[PDB]
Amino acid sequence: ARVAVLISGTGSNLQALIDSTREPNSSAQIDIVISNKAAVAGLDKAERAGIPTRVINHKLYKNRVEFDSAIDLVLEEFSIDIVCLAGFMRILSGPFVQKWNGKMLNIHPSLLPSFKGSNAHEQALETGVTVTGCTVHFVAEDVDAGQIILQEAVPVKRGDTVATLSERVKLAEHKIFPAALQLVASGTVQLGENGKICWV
């Protein structure tokens, strides 16, 4: 499968995804890394790995469908089969999500359904859980609510800050995100017609 990775920041998940697609027997390859923001470290990581990049400034569009269409155009340009959201911070419009249904995955730093939203760690610390984690899920219209592919629990240590908890969780993300990409790229895991996840 030909894969596109959308990012909005440091792209901490890129290295693990990139290495994985280059290990023996990978069913995927990363052909383009797209950012909605210029000058973020994720772009350099892509370049250094020898992967083409594109910056599509969401602030230059009228609305989300417009912005999403500009992304869809590049995805078509690179005949992309699967899209991975890695620290991508723009909520996508229904038409784009429907078009990529079953082919777009996101990594989220909590054990969904708990702590949906971009400040998952802050919520975890505020709620007082001793166990949190990360989740890779197919992207649905509803934010952080698509079908779950894999999850990994991570302990929260007393005195953790957002920074320390975040770092520990990223280590789990680096394990399940690449694994989930392989499962979908190999056709091993699919979003069934009944909208439920199915393992072949």
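Only the largest set of C-alpha atoms that superpose within 1.5 Å between the two forms is called the rigid core. We number the residues from 1 along the sequence you see.
Between 53-61 and 127-135, the larger root mean square Cα shift in 8 other deposited structures of this protein, once each structure is superposed on the rigid core, falls on 53-61.
Root mean square Cα distance to the shown form, taken over structures and residues in 8 other deposited structures of this protein after a core fit, is higher for 118-126 when 104-112 and 118-126 are compared.
Taking only CA atoms, the mean B-factor in the PDB entry is higher for 188-196 than for the other of 188-196 and 173-181.
Stretches compared: 128-136, 57-65. Higher mean C-alpha B-factor in the entry: 57-65. Comparing the listed residues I107, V74, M104, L111, the entry records the largest Cα B-factor for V74. Placement of the Cα temperature factor of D144 within the chain: middle third of the modelled residues, per the deposited record.
The deposited CA B-factor of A70 belongs to the highest third of values across its chain. Split the chain's modelled residues into thirds by C-alpha temperature factor. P52 is in the middle one. In the deposited entry, the Cα temperature factor of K99 sits in the top third of values across the chain's modelled residues. Among all modelled residues in this chain, the alpha-carbon of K45 has a temperature factor (C-alpha) in the middle third.
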